[PDB]
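Encoded as structure tokens, the structure appears first; notes follow it.
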Amino acid sequence: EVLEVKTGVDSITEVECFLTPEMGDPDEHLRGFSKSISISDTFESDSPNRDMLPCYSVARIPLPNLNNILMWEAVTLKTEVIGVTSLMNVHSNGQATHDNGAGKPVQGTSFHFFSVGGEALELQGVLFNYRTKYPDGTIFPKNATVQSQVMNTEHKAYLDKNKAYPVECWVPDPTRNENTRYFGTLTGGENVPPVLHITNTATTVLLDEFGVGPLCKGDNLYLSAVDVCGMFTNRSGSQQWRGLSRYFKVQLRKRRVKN
Amino acid sequence: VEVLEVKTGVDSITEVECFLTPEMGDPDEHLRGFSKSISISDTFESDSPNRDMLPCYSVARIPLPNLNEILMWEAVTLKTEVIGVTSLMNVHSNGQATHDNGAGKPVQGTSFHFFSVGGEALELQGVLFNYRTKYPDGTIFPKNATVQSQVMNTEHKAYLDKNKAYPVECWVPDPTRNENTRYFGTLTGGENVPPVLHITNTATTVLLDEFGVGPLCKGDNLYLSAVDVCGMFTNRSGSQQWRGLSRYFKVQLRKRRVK
Amino acid sequence: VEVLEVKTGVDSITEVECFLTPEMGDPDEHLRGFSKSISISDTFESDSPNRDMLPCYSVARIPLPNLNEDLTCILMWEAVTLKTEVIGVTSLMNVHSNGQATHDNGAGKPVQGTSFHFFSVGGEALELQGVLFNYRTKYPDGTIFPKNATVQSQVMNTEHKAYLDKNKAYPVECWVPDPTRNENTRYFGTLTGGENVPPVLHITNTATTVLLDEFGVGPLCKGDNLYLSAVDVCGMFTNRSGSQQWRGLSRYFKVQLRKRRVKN
Amino acid sequence: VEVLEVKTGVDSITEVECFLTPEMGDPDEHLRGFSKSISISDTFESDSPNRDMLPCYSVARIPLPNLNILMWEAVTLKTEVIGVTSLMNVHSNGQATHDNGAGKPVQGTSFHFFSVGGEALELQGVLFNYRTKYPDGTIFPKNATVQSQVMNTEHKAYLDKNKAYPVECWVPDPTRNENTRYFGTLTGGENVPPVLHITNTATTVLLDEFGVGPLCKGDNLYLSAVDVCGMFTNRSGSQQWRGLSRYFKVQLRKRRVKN
Amino acid sequence: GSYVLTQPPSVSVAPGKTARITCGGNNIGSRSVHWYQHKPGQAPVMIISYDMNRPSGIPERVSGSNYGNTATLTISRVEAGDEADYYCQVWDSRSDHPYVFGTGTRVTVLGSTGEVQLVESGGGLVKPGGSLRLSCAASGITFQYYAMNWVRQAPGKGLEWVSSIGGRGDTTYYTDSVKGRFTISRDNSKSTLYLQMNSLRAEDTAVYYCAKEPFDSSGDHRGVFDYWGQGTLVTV
């Protein structure tokens with residue numbers, strides 16, 4: 001049961017951090033890139049390399065110790081993608097658009113996603129191909145059946161680890177996440193232009209229809225992000241995912257609750 | 001039904017939460033949530049598609065708490081999103097390379113996203129691209145198709161009262177009826193069209209009309225209906241199949257007295 | 001007409017509900033709602049299109065109930081709100097019927113390219129102004145088109161005025177709504193030109209357009225007649241041979257009207 | 001700086017009006033406002049771009065009327081790109097679209113950015129390729145590590161010089177810039193259409209959520225801009241960045257502050 | 001009665017020339033017609049589904065139409081291999097005879113004459129009034145998503161549908177000539193189909209074929225047999 005908000009100098013705090021992208025990192029020279037993408041021969045023989053699978057990023061940030069019973073309530077978020085101008089490096093090991101042309105810029109399928117919550121983001125599993133064999137070191141839908149390709153309620157998980165939950169297996173579970181606000185956009189297609197806006201003037205309000213924001217259980221704020229900006233085509237024609245870090249700034253306030 | 005006052009109190013309000021799996025055609029178990037590869041006919045006269053090649057309207061009839069021993073359940077707010085949007089980033093599984101050494105071709109092209117909430121079965125009107133198209137045994141389609149069926153034939157009225165039955169390309173919501181249903185649909189046609197799928201648990205659609213009255217569930221039954229053809233999957237051989245995804249629904253209902 | 005008070009009461013309000021079928025050209029019965037395949041002329045001077053190749057403005061003149069069966073002091077039906085949508089948007093997913101493959105073993109090419117979606121509600125026939133792409137284009141017997149086309153017809157010739165007062169007659173590419181008139185009509189139109197343009201068609205029964213002007217007055221139906229007008233060229237269908245035909249769809253209209261007193 | 005009451009009266013308000021020319025690289029005088037033709041490197045480890053190939057952040061430090069404790073507060077901005085119609089010169093040394101066709105217009109990756117602040121814009125470094133060797137005469141991320149490709153907090157700088165800070169190395173630092181309002185859009189891709197609006201009717205308000213605008217320390221207003229409109233393809237196929245100047249008009253008012 | 005499909009008993013063609021097998025039906029044009037090839041001793045293969053659609057494997061030579069009171073199979077460049085019995089088939093969901101076969105057309109050529117498996121068991125000799133249990137062991141498929149059928153061919157006669165069962169074992173249908181005597185059943189875990197034939201009569205002697213329908217998320221009936229077992233002969 002949510003009750004009154006605490007006021008005063010010490011009633012309010014701020015959390016500021018960045019989440020680096022987990023694009024796969026095939027060698028140190030390619031930090032924030034995936035491995036070049038192999039296409040499998042059949043659906044039954046699809047066994048991707050771990051460094052080829054972008055993953056959900058997650059940060060668990062301890063807040064000032066509180067606790068009759070107070071909890072930190074996340075009220076407002078400011079977020080933006082860090083290093084959008086890096087995608088203008090069109091002179092570094094790319095494939096020419098045409099004869100004598102500049103490099104091919106990062107483009108194609110993108111997924112930008114961020115979440116603020118008082119507990120780990122809750123995930124539902126959906127597989128493009130149920131016979132895809134996800135590699136040791138990742139956490140993925142276990143006991144994949146035919147029905148896993150549309151909806152299998154057995155595939156529930158918590159985003160509770162980094163470099164573990166592949167992006168293409170997991171989405172936010174819309175049946176849970178009462179204590180999380182999540183926002184995501186997939187802009188699929190092969191030649192799709194990235195459209196990235198940056199400003200320090202834009203604020204998202206995290207309060208629900210009852211004026212209550214996410215309540216941080218155990219004095220922990222859970223930030224989660226994916227920013228697959230598109231794909232980098234290198235000279236040989238092979239394509240790698242490219243991702244960028246995401247800035248978070250969350251304003252929290254003390255809220256009394258009961259039980 | 002003369003609509004009167006809304007009931008208040010602890011027990012005056014209920015919630016319905018479910019997912020609708022897509023009916024894309026399901027040519028074999030390995031391809032659940034895909035259609036069969038699309039064959040092009042030689043002429044308009046000789047167009048006789050395979051049943052597993054035709055995506056269909058999805059429908060769910062959800063019983064609500066029994067009210068009688070004159071109250072009806074009134075649908076007030078909807079939350080909906082497409083489940084498994086990140087699955088469309090599996091670009092490594094039996095696809096056709098964009099170019100030499102390139103990553104797979106992502107799902108793209110013609111898409112139709114549609115959802116409806118109502119107190120009775122969604123009412124359909126028939127419109128045929130080609131009136132001489134022979135729809136297969138097992139589907140329900142416009143009967144006695146005339147030349148005028150290609151623009152508007154008022155004989156082609158139906159109720160979306162069955163799954164894996166009403167093909168998407170024959171039927172649209174009948175704008176002359178559906179007084180007791182709220183429907184929303186977007187066709188984004190074209191061959192190379194990028195999917196643009198947003199996910200968030202912060203977005204709510206209000207189902208009330210201009211008089212402040214929502215859909216009234218006759219026989220204590222809520223009717224959810226959906227289509228989510230996300231686009232087409234091109235496999236190695238060049239063949240194209242529709243790919244669809246499930247849709248989450250969450251409907252807030254309240255007790256309303258009528259006469 | 002000096003506009004005065006709105007009538008209230010049970011009988012003060014009425015509703016008009018209908019669909020307008022598209023006039024895309026209809027080259028044979030098998031191709032109802034398609035145009036004929038498009039021929040390109042050799043020169044501007046020798047451009048003489050076939051009638052079944054020219055999409056036309058659709059129009060409906062709907063009689064409304066008789067109001068003035070009363071006494072001294074003059075009611076007119078006033079159009080207040082419109083609900084409209086394109087009927088059969090999902091028909092454009094028939095990509096298996098006599099199309100041209102995108103590539104080897106590929107699905108059919110879907111309907112795409114230059115589109116024009118347009119609807120109007122008014123208390124008199126929509127008023128048209130003539131603008132010709134090529135002034136020497138010879139429009140065929142059976143259509144009504146800009147007469148006595150001069151060189152200035154390609155940008156603006158004020159002689160080319162007309163009323164959309166007939167179906168299968170006013171070709172889309174000759175006529176636009178005349179912005180100098182149409183005081184008693186509300187019109188809305190969008191041309192999305194280009195050769196590979198994706199159709200974007202929204203359907204919903206939750207969306208309402210208000211027809212009232214800045215003074216709170218909607219279209220006043222002269223002679224108790226409501227004038228609905230529409231064009232919905234969704235794009236072009238490419239068939240196996242490569243030839244391209246316009247494809248159009250019907251348009252639903254639902255108009256809420258109310259009785260309004262006017263004077264002298 | 002505890003912010004107090006705004007000064008009113010005839011002399012309480014001032015205006016700053018100027019244009020910032022673009023620093024696209026300027027390979028010779030004939031090509032002012034163009035970059036050099038873009039070379040693609042053989043590998044990531046051998047990427048050493050020419051200085052006249054790197055567009056740079058533009059910056060202007062404008063002295064305001066001497067005050068003094070009063071500070072000039074930036075309230076409203078009007079800005080637009082100067083010479084948008086110049087991108088219709090499709091007859092001047094371009095590459096034909098096709099046989100007998102008109103020139104190829106300026107298109108592809110664009111970055112439009114402007115900032116108003118009471119101190120130099122604060123920059124964070126992000127590198128596409130960390131082994132890129134930025135040339136003598138530019139100011140760039142020093143001691144680039146592998147982590148520089150996603151986020152390295154060592155790469156902090158002030159935009160305090162013209163023709164110096166390359167666009168592709170630096171973004172506004174979202175951890176700082178409390179006293180600056182910045183707006184930027186990257187529209188990446190190879191064939192992307194420029195969309196440039198011009199109007200003298202549009203005003204941006206620079207006040208924060210507390211109703212305080214940027215406070216000009218030392219009576220200095222800091223304007224900063226990037227307008228890479230896209231790329232010009234010339235006959236040979238080679239591609240150069242093209243940029244345009246940006247108009248600024250800032251309304252400032254006198255504000256009293258303390259300590 | 002049942003719906004009626006009439007076929008010419010036989011058709012002759014020279015190698016190279018085209019062969020036309022007609023399937024006559026009362027307004028058959030408004031029903032989906034499927035075609036099966038059957039060579040003596042082997043499992044019937046589906047060559048056309050839904051009037052004119054060719055499965056992976058069947059060549060472009062083979063062609064289907066269906067318009068009036070007549071549907072037409074067309075083999076165009078005829079080879080020695082094409083010599084076989086050809087049956088047309090329709091489906092009438094919600095009727096006393098749901099799966100209806102044509103009488104059959106034997107084609108003769110007058111020049112100079114593996115993911116899915118269905119393994120059958122149980123056939124043999126049995127006396128009038130006796131019992132027998134046919135089984136059909138499927139492999140390579142999740143059995144519960146497939147409606148399954150028993151079809152038989154009596155010495156001399158054509159294909160006759162016997163019994164159908166749903167994926168979940170919900171729906172059961174029989175021919176009028178076996179109602180109280182034959183029982184169809186499934187063990188989805190053991191992945192096998194059963195026909196319990198007791199109170200056997202003399203006119204039951206036939207090769208009993210196990211017939212699978214295409215995948216369905218509910219295991220519903222679809223009215224087409226897209227794959228067949230090699231068959232098992234019962235004599236009396």
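Ordering of the structure tokens sets the chain letters (A, B, ...); residue numbers start at 1 within each chain; ligands are numbered from 1 in the order shown.
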Among range 62-186 of chain B, which ones does DSSP assign to strand (DSSP E or B) (computed from the backbone)? Answer as a PDB file with N, CA, C and O atoms, in the first residue's frame.
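Produced file selection.pdb, reproduced below:
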ATOM      1  N   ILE B  62     -13.458 -14.462 -24.471  1.00  0.00           N
ATOM      2  CA  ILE B  62     -13.071 -14.647 -23.048  1.00  0.00           C
ATOM      3  C   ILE B  62     -14.301 -14.464 -22.176  1.00  0.00           C
ATOM      4  O   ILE B  62     -14.890 -13.388 -22.170  1.00  0.00           O
ATOM      5  N   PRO B  63     -14.744 -15.519 -21.453  1.00  0.00           N
ATOM      6  CA  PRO B  63     -15.828 -15.388 -20.484  1.00  0.00           C
ATOM      7  C   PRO B  63     -15.388 -14.469 -19.340  1.00  0.00           C
ATOM      8  O   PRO B  63     -14.242 -14.565 -18.947  1.00  0.00           O
ATOM      9  N   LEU B  71     -26.924  -5.815 -15.164  1.00  0.00           N
ATOM     10  CA  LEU B  71     -25.527  -5.319 -15.273  1.00  0.00           C
ATOM     11  C   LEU B  71     -24.844  -5.950 -16.493  1.00  0.00           C
ATOM     12  O   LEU B  71     -25.149  -7.111 -16.819  1.00  0.00           O
ATOM     13  N   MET B  72     -23.940  -5.204 -17.131  1.00  0.00           N
ATOM     14  CA  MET B  72     -23.063  -5.701 -18.218  1.00  0.00           C
ATOM     15  C   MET B  72     -21.643  -5.212 -17.962  1.00  0.00           C
ATOM     16  O   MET B  72     -21.493  -4.100 -17.437  1.00  0.00           O
ATOM     17  N   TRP B  73     -20.649  -6.017 -18.321  1.00  0.00           N
ATOM     18  CA  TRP B  73     -19.228  -5.608 -18.255  1.00  0.00           C
ATOM     19  C   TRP B  73     -18.960  -4.614 -19.384  1.00  0.00           C
ATOM     20  O   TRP B  73     -19.300  -4.911 -20.530  1.00  0.00           O
ATOM     21  N   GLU B  74     -18.386  -3.465 -19.050  1.00  0.00           N
ATOM     22  CA  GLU B  74     -18.049  -2.382 -20.006  1.00  0.00           C
ATOM     23  C   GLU B  74     -16.528  -2.301 -20.108  1.00  0.00           C
ATOM     24  O   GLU B  74     -15.897  -2.052 -19.064  1.00  0.00           O
ATOM     25  N   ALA B  75     -15.970  -2.511 -21.301  1.00  0.00           N
ATOM     26  CA  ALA B  75     -14.518  -2.411 -21.572  1.00  0.00           C
ATOM     27  C   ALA B  75     -14.110  -0.937 -21.620  1.00  0.00           C
ATOM     28  O   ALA B  75     -14.621  -0.238 -22.500  1.00  0.00           O
ATOM     29  N   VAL B  76     -13.208  -0.502 -20.733  1.00  0.00           N
ATOM     30  CA  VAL B  76     -12.842   0.932 -20.535  1.00  0.00           C
ATOM     31  C   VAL B  76     -11.467   1.222 -21.146  1.00  0.00           C
ATOM     32  O   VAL B  76     -11.376   2.172 -21.929  1.00  0.00           O
ATOM     33  N   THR B  77     -10.422   0.492 -20.763  1.00  0.00           N
ATOM     34  CA  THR B  77      -9.039   0.759 -21.238  1.00  0.00           C
ATOM     35  C   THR B  77      -8.399  -0.530 -21.739  1.00  0.00           C
ATOM     36  O   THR B  77      -8.672  -1.579 -21.150  1.00  0.00           O
ATOM     37  N   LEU B  78      -7.579  -0.408 -22.786  1.00  0.00           N
ATOM     38  CA  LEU B  78      -6.783  -1.494 -23.416  1.00  0.00           C
ATOM     39  C   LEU B  78      -5.296  -1.151 -23.306  1.00  0.00           C
ATOM     40  O   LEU B  78      -4.952   0.018 -23.547  1.00  0.00           O
ATOM     41  N   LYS B  79      -4.471  -2.131 -22.931  1.00  0.00           N
ATOM     42  CA  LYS B  79      -3.007  -2.130 -23.162  1.00  0.00           C
ATOM     43  C   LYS B  79      -2.717  -3.303 -24.087  1.00  0.00           C
ATOM     44  O   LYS B  79      -3.238  -4.392 -23.819  1.00  0.00           O
ATOM     45  N   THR B  80      -1.954  -3.075 -25.149  1.00  0.00           N
ATOM     46  CA  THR B  80      -1.581  -4.122 -26.127  1.00  0.00           C
ATOM     47  C   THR B  80      -0.154  -3.859 -26.617  1.00  0.00           C
ATOM     48  O   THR B  80       0.245  -2.691 -26.708  1.00  0.00           O
ATOM     49  N   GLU B  81       0.598  -4.922 -26.900  1.00  0.00           N
ATOM     50  CA  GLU B  81       1.853  -4.829 -27.692  1.00  0.00           C
ATOM     51  C   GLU B  81       2.135  -6.182 -28.354  1.00  0.00           C
ATOM     52  O   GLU B  81       1.579  -7.202 -27.889  1.00  0.00           O
ATOM     53  N   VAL B  82       2.948  -6.151 -29.415  1.00  0.00           N
ATOM     54  CA  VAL B  82       3.418  -7.337 -30.189  1.00  0.00           C
ATOM     55  C   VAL B  82       4.498  -8.040 -29.362  1.00  0.00           C
ATOM     56  O   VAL B  82       5.441  -7.351 -28.911  1.00  0.00           O
ATOM     57  N   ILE B  83       4.373  -9.356 -29.178  1.00  0.00           N
ATOM     58  CA  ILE B  83       5.306 -10.160 -28.332  1.00  0.00           C
ATOM     59  C   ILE B  83       6.363 -10.821 -29.223  1.00  0.00           C
ATOM     60  O   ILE B  83       6.010 -11.662 -30.064  1.00  0.00           O
ATOM     61  N   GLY B  95      18.485 -17.658 -44.068  1.00  0.00           N
ATOM     62  CA  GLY B  95      18.105 -16.489 -44.889  1.00  0.00           C
ATOM     63  C   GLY B  95      18.857 -16.439 -46.212  1.00  0.00           C
ATOM     64  O   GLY B  95      19.709 -17.317 -46.453  1.00  0.00           O
ATOM     65  N   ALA B  97      21.451 -14.060 -48.333  1.00  0.00           N
ATOM     66  CA  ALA B  97      22.456 -12.997 -48.102  1.00  0.00           C
ATOM     67  C   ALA B  97      22.022 -11.730 -48.851  1.00  0.00           C
ATOM     68  O   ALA B  97      21.594 -11.845 -50.017  1.00  0.00           O
ATOM     69  N   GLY B 104      22.136 -12.204 -43.358  1.00  0.00           N
ATOM     70  CA  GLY B 104      20.827 -12.587 -43.916  1.00  0.00           C
ATOM     71  C   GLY B 104      19.977 -11.371 -44.235  1.00  0.00           C
ATOM     72  O   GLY B 104      20.244 -10.288 -43.706  1.00  0.00           O
ATOM     73  N   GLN B 108      10.961  -8.171 -43.862  1.00  0.00           N
ATOM     74  CA  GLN B 108      10.577  -6.838 -44.393  1.00  0.00           C
ATOM     75  C   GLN B 108       9.463  -7.009 -45.432  1.00  0.00           C
ATOM     76  O   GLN B 108       9.084  -8.163 -45.728  1.00  0.00           O
ATOM     77  N   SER B 111       3.171  -5.269 -44.472  1.00  0.00           N
ATOM     78  CA  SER B 111       2.774  -5.644 -43.090  1.00  0.00           C
ATOM     79  C   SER B 111       1.340  -5.173 -42.829  1.00  0.00           C
ATOM     80  O   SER B 111       0.947  -4.147 -43.410  1.00  0.00           O
ATOM     81  N   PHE B 112       0.598  -5.893 -41.988  1.00  0.00           N
ATOM     82  CA  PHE B 112      -0.740  -5.495 -41.481  1.00  0.00           C
ATOM     83  C   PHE B 112      -0.800  -5.810 -39.988  1.00  0.00           C
ATOM     84  O   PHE B 112      -0.763  -6.995 -39.632  1.00  0.00           O
ATOM     85  N   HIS B 113      -0.823  -4.766 -39.156  1.00  0.00           N
ATOM     86  CA  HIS B 113      -0.998  -4.840 -37.685  1.00  0.00           C
ATOM     87  C   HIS B 113      -2.395  -4.328 -37.347  1.00  0.00           C
ATOM     88  O   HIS B 113      -2.727  -3.209 -37.763  1.00  0.00           O
ATOM     89  N   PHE B 114      -3.180  -5.137 -36.642  1.00  0.00           N
ATOM     90  CA  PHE B 114      -4.613  -4.878 -36.358  1.00  0.00           C
ATOM     91  C   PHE B 114      -5.017  -5.531 -35.040  1.00  0.00           C
ATOM     92  O   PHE B 114      -4.674  -6.712 -34.825  1.00  0.00           O
ATOM     93  N   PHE B 115      -5.753  -4.792 -34.210  1.00  0.00           N
ATOM     94  CA  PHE B 115      -6.344  -5.310 -32.951  1.00  0.00           C
ATOM     95  C   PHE B 115      -7.704  -4.636 -32.729  1.00  0.00           C
ATOM     96  O   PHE B 115      -7.877  -3.473 -33.151  1.00  0.00           O
ATOM     97  N   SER B 116      -8.619  -5.364 -32.082  1.00  0.00           N
ATOM     98  CA  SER B 116     -10.016  -4.956 -31.790  1.00  0.00           C
ATOM     99  C   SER B 116     -10.413  -5.465 -30.393  1.00  0.00           C
ATOM    100  O   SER B 116     -10.032  -6.610 -30.021  1.00  0.00           O
ATOM    101  N   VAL B 117     -11.160  -4.647 -29.651  1.00  0.00           N
ATOM    102  CA  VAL B 117     -11.850  -5.046 -28.396  1.00  0.00           C
ATOM    103  C   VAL B 117     -13.338  -4.762 -28.602  1.00  0.00           C
ATOM    104  O   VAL B 117     -13.652  -3.684 -29.150  1.00  0.00           O
ATOM    105  N   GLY B 118     -14.211  -5.691 -28.207  1.00  0.00           N
ATOM    106  CA  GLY B 118     -15.665  -5.583 -28.439  1.00  0.00           C
ATOM    107  C   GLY B 118     -16.471  -6.498 -27.536  1.00  0.00           C
ATOM    108  O   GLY B 118     -15.892  -7.459 -26.988  1.00  0.00           O
ATOM    109  N   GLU B 123     -17.448  -7.670 -36.684  1.00  0.00           N
ATOM    110  CA  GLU B 123     -18.267  -7.778 -37.917  1.00  0.00           C
ATOM    111  C   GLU B 123     -17.363  -7.474 -39.115  1.00  0.00           C
ATOM    112  O   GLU B 123     -16.660  -6.443 -39.070  1.00  0.00           O
ATOM    113  N   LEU B 124     -17.378  -8.356 -40.125  1.00  0.00           N
ATOM    114  CA  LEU B 124     -16.477  -8.296 -41.304  1.00  0.00           C
ATOM    115  C   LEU B 124     -17.270  -7.885 -42.548  1.00  0.00           C
ATOM    116  O   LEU B 124     -18.464  -8.222 -42.618  1.00  0.00           O
ATOM    117  N   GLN B 125     -16.619  -7.156 -43.460  1.00  0.00           N
ATOM    118  CA  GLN B 125     -17.070  -6.907 -44.854  1.00  0.00           C
ATOM    119  C   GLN B 125     -16.058  -7.560 -45.798  1.00  0.00           C
ATOM    120  O   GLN B 125     -14.852  -7.496 -45.508  1.00  0.00           O
ATOM    121  N   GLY B 126     -16.537  -8.166 -46.878  1.00  0.00           N
ATOM    122  CA  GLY B 126     -15.683  -8.837 -47.870  1.00  0.00           C
ATOM    123  C   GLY B 126     -15.275  -7.890 -48.978  1.00  0.00           C
ATOM    124  O   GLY B 126     -16.176  -7.222 -49.553  1.00  0.00           O
ATOM    125  N   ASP B 137     -11.151 -24.955 -49.194  1.00  0.00           N
ATOM    126  CA  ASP B 137     -11.972 -25.659 -48.174  1.00  0.00           C
ATOM    127  C   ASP B 137     -11.250 -25.579 -46.830  1.00  0.00           C
ATOM    128  O   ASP B 137     -10.052 -25.915 -46.784  1.00  0.00           O
ATOM    129  N   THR B 139     -11.266 -22.630 -44.968  1.00  0.00           N
ATOM    130  CA  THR B 139     -11.411 -21.167 -44.747  1.00  0.00           C
ATOM    131  C   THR B 139     -12.870 -20.770 -44.979  1.00  0.00           C
ATOM    132  O   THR B 139     -13.575 -21.508 -45.681  1.00  0.00           O
ATOM    133  N   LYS B 157     -21.026 -10.157 -45.970  1.00  0.00           N
ATOM    134  CA  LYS B 157     -21.026  -9.825 -44.524  1.00  0.00           C
ATOM    135  C   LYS B 157     -20.754 -11.110 -43.741  1.00  0.00           C
ATOM    136  O   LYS B 157     -21.253 -12.170 -44.145  1.00  0.00           O
ATOM    137  N   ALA B 158     -19.983 -11.025 -42.663  1.00  0.00           N
ATOM    138  CA  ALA B 158     -19.625 -12.184 -41.817  1.00  0.00           C
ATOM    139  C   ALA B 158     -19.247 -11.724 -40.406  1.00  0.00           C
ATOM    140  O   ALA B 158     -18.988 -10.513 -40.195  1.00  0.00           O
ATOM    141  N   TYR B 159     -19.239 -12.676 -39.476  1.00  0.00           N
ATOM    142  CA  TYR B 159     -18.783 -12.494 -38.079  1.00  0.00           C
ATOM    143  C   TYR B 159     -17.475 -13.259 -37.897  1.00  0.00           C
ATOM    144  O   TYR B 159     -17.456 -14.450 -38.256  1.00  0.00           O
ATOM    145  N   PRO B 167      -9.558 -15.562 -43.839  1.00  0.00           N
ATOM    146  CA  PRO B 167      -8.295 -15.096 -44.406  1.00  0.00           C
ATOM    147  C   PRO B 167      -8.223 -13.565 -44.359  1.00  0.00           C
ATOM    148  O   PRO B 167      -9.246 -12.932 -44.584  1.00  0.00           O
ATOM    149  N   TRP B 171     -11.222 -10.142 -45.947  1.00  0.00           N
ATOM    150  CA  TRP B 171     -12.093  -9.542 -44.911  1.00  0.00           C
ATOM    151  C   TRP B 171     -11.440  -8.293 -44.316  1.00  0.00           C
ATOM    152  O   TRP B 171     -10.222  -8.311 -44.055  1.00  0.00           O
ATOM    153  N   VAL B 172     -12.252  -7.261 -44.105  1.00  0.00           N
ATOM    154  CA  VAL B 172     -11.897  -6.055 -43.311  1.00  0.00           C
ATOM    155  C   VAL B 172     -13.022  -5.830 -42.311  1.00  0.00           C
ATOM    156  O   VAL B 172     -14.127  -6.325 -42.510  1.00  0.00           O
ATOM    157  N   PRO B 173     -12.777  -5.098 -41.203  1.00  0.00           N
ATOM    158  CA  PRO B 173     -13.857  -4.673 -40.322  1.00  0.00           C
ATOM    159  C   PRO B 173     -14.898  -3.879 -41.119  1.00  0.00           C
ATOM    160  O   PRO B 173     -14.509  -2.960 -41.823  1.00  0.00           O
ATOM    161  N   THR B 181     -17.854  -2.443 -30.874  1.00  0.00           N
ATOM    162  CA  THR B 181     -16.421  -2.831 -30.979  1.00  0.00           C
ATOM    163  C   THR B 181     -15.581  -1.593 -31.281  1.00  0.00           C
ATOM    164  O   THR B 181     -16.062  -0.742 -32.046  1.00  0.00           O
ATOM    165  N   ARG B 182     -14.376  -1.515 -30.720  1.00  0.00           N
ATOM    166  CA  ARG B 182     -13.342  -0.527 -31.117  1.00  0.00           C
ATOM    167  C   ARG B 182     -12.256  -1.292 -31.859  1.00  0.00           C
ATOM    168  O   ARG B 182     -11.737  -2.244 -31.260  1.00  0.00           O
ATOM    169  N   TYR B 183     -11.977  -0.927 -33.117  1.00  0.00           N
ATOM    170  CA  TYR B 183     -10.937  -1.576 -33.961  1.00  0.00           C
ATOM    171  C   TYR B 183      -9.929  -0.528 -34.446  1.00  0.00           C
ATOM    172  O   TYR B 183     -10.277   0.635 -34.650  1.00  0.00           O
ATOM    173  N   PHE B 184      -8.682  -0.971 -34.576  1.00  0.00           N
ATOM    174  CA  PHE B 184      -7.501  -0.192 -35.020  1.00  0.00           C
ATOM    175  C   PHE B 184      -6.639  -1.107 -35.893  1.00  0.00           C
ATOM    176  O   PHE B 184      -6.301  -2.243 -35.464  1.00  0.00           O
ATOM    177  N   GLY B 185      -6.297  -0.633 -37.086  1.00  0.00           N
ATOM    178  CA  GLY B 185      -5.521  -1.403 -38.071  1.00  0.00           C
ATOM    179  C   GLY B 185      -4.681  -0.498 -38.940  1.00  0.00           C
ATOM    180  O   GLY B 185      -5.135   0.620 -39.240  1.00  0.00           O
ATOM    181  N   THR B 186      -3.491  -0.962 -39.320  1.00  0.00           N
ATOM    182  CA  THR B 186      -2.567  -0.238 -40.226  1.00  0.00           C
ATOM    183  C   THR B 186      -1.993  -1.234 -41.235  1.00  0.00           C
ATOM    184  O   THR B 186      -1.349  -2.209 -40.805  1.00  0.00           O
TER     185      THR B 186
END
Task: Non-local contacts of residue 237 in chain C (9 Å; only C-alpha atoms; under 2 positions in same chain excluded) as a list in words - done: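 Counting only the stated atoms, we get residues 34, 99, 109, 110, 111, 112, 113, 235, 239, 243, 244, 245, 246 and 247 of chain C.
Counting only C-alpha atoms, the residue from E:180, E:64, E:158, E:128 that sits nearest to chain B is E:64.
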Open item on the list: I'd like the neighbourhood of residue 16 in chain B as JSON, numbers by chain, where a residue qualifies if any of its atoms comes within 9 Å (using only C-alpha atoms), though same-chain residues fewer than 6 positions away should be ignored.
Closed with: {"B": [62, 64, 222, 249, 250, 251, 252, 253]}
- [ ] Identify, on the basis of only C-alpha atoms, every residue whose closest approach to range 65-77 of chain D does not exceed 6 Å; exclude the query and any residue fewer than 5 positions from it along the same chain; express the result as JSON, numbers by chain.
- [x] {"D": [203, 204, 205, 206, 207, 213, 214, 215, 216, 249, 250, 251, 252, 253, 254, 255, 256, 257]}
Open item on the list: Applying 8 Å and only C-alpha atoms, which residues near residue 163 in chain A remain after dropping the ones on its own chain fewer than 2 positions away? List them as a PyMOL selection string.
Closed with: chain A and resi 22+24+55-57+138+161+165-166
